[PDB]
Amino acid sequence: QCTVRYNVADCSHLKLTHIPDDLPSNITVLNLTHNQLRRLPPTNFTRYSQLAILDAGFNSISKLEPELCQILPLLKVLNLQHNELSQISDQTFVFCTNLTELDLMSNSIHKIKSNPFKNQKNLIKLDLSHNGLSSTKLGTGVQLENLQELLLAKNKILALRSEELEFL
RNA sequence: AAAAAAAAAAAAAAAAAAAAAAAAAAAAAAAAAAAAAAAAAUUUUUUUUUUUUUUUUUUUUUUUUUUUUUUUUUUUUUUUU
Ligand SMILES: *[C@@H]1O[C@H](CO)[C@@H](O)[C@H](O)[C@H]1NC(C)=O
């Protein structure tokens, strides 16, 4: 099974077909990286309500439900790089107000519409790379009050314009 | 038909860090060798220059004995010119 070992559920290569929910729910760090994930269930995380951060990376997730942002209000790091994530919207980030770290290294998110990060105020680092972005625009209004580094690499942006960089 | 995430096999090529070895070369340290050389301590050869002892040849010198001649100073005696 997983490692636990004082609140670091580092679940290595273990042929875990489904997301487990074991007795040691009193942990803060959980790692779903390198685990067979069909999708993140909006209700299977009720047992683990103390997860400060979750390392659910490189998995196979079609889309993210908004409920995941309210089942774990105390969420800091959301490392979900190398997933399918064909399309995403702001609705799934409504309740993620405490989010501080985002990692999306391969998701093929070609088009981004509206303001997906209208509720993210403590989000520091943005990792949106190799997702085939054609433009650097992320919205029309002013958001991202407190962020430090913006990662937009390996995408297909053709030019930078004043109208698409005025959202900050 | 095509593109991608987790899970599993992998064959090839380019690189590397190690272990077990093996020839080759080069460094030394010990056992020998063949010699062209070097002394030293025991035998002795040839040759040159010189010392001592002993046996003898030639020449010279001294003394003694014997003997032949040139000179002799004496003549005891003998017949005399
Ligand atoms: C969520 O939990 C249920 C009950 O254990 C399980 O059948 C299901 O597979 C879980 N979800 C995923 C995506 O595995």
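All residue numbers here begin at 1 and follow the chain in the order shown.
Just so you know, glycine gets a Cβ as well, placed from its N, Cα and C.
In sequence order, A:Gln1, A:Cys2, A:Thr3, A:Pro20, A:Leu30, A:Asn31, A:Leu32, A:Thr33, A:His34, A:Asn35 constitute the residues six or more apart from A:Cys11 (disulfide bond) in its chain with CB-CB distances below 8 Å. For A:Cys2-A:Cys11 (among others), the entry in Swiss-Prot reads disulfide bond.
Look at Swiss-Prot and you will find A:26-47 tagged as repeat 'LRR 1'.
The N-linked glycosylation site annotation in Swiss-Prot covers A:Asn26 (among others). A:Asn26 (N-linked glycosylation site): 10 other CB atoms within 10 A of its CB, across all protein chains. In three-state terms derived from DSSP, A:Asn26 (N-linked glycosylation site) belongs to neither a helical nor a strand segment and is classed as coil.
Every protein chain considered, the tally of other Cβ atoms within 10 Å of the Cβ of A:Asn31 (N-linked glycosylation site) stands at 19. Marked as N-linked glycosylation site by Swiss-Prot: A:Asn31 (among others).
DSSP gives A:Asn44 (N-linked glycosylation site) a coil state; it is part of no helix or strand. Sequence-distant neighbours of A:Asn44 (N-linked glycosylation site) (same chain, 6+ residues apart, CB-CB distance under 8 A): A:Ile19, A:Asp21. Annotation comment: Swiss-Prot describes A:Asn44 (among others) as N-linked glycosylation site.
Swiss-Prot lists A:50-71 with the feature repeat 'LRR 2'.
The disulfide bond annotation in Swiss-Prot covers A:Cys69-A:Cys96 (among others) and rests on experimental evidence. For the recorded site, A:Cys96 (disulfide bond), the DSSP three-state label reads coil.
Among residues of the same chain six or more beyond the repeat 'LRR 3' (A:74-95), those with a C-beta under 8 A of the stretch's C-beta atoms are 33, 50-66, 68, 101-109, 111-120, 127. Residues annotated as repeat 'LRR 3' in Swiss-Prot: A:74-95.
As annotated by Swiss-Prot, repeat 'LRR 4' applies to A:98-119.
Positions annotated as N-linked glycosylation site by Swiss-Prot, on the basis of sequence analysis: A:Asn98 (among others). Cβ neighbours of A:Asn98 (N-linked glycosylation site) (same chain, under 8 Å, six or more residues apart in sequence): A:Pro73, A:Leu74, A:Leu75, A:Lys76, A:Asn122.
The repeat 'LRR 5' annotation in Swiss-Prot covers A:122-143.
Long-range neighbours of the repeat 'LRR 1' (A:26-47) within the same chain, counting only residues 6 or more positions beyond its ends whose Cβ lies under 8 Å from a Cβ of the stretch, are 2-4, 7-19, 53-68, 71-72, 79. When the alpha carbons of A:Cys69 (disulfide bond) and A:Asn26 (N-linked glycosylation site) are compared, the span between them is 19 angstrom. Each residue contributes its Cα atom, and for A:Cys96 (disulfide bond) and A:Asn26 (N-linked glycosylation site) these two points are 21 Å apart. Ligand 1 lies under 6 Å from the Cβ of none of the recorded positions A:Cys2, A:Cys11, A:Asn31, A:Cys69, A:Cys96, A:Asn98.
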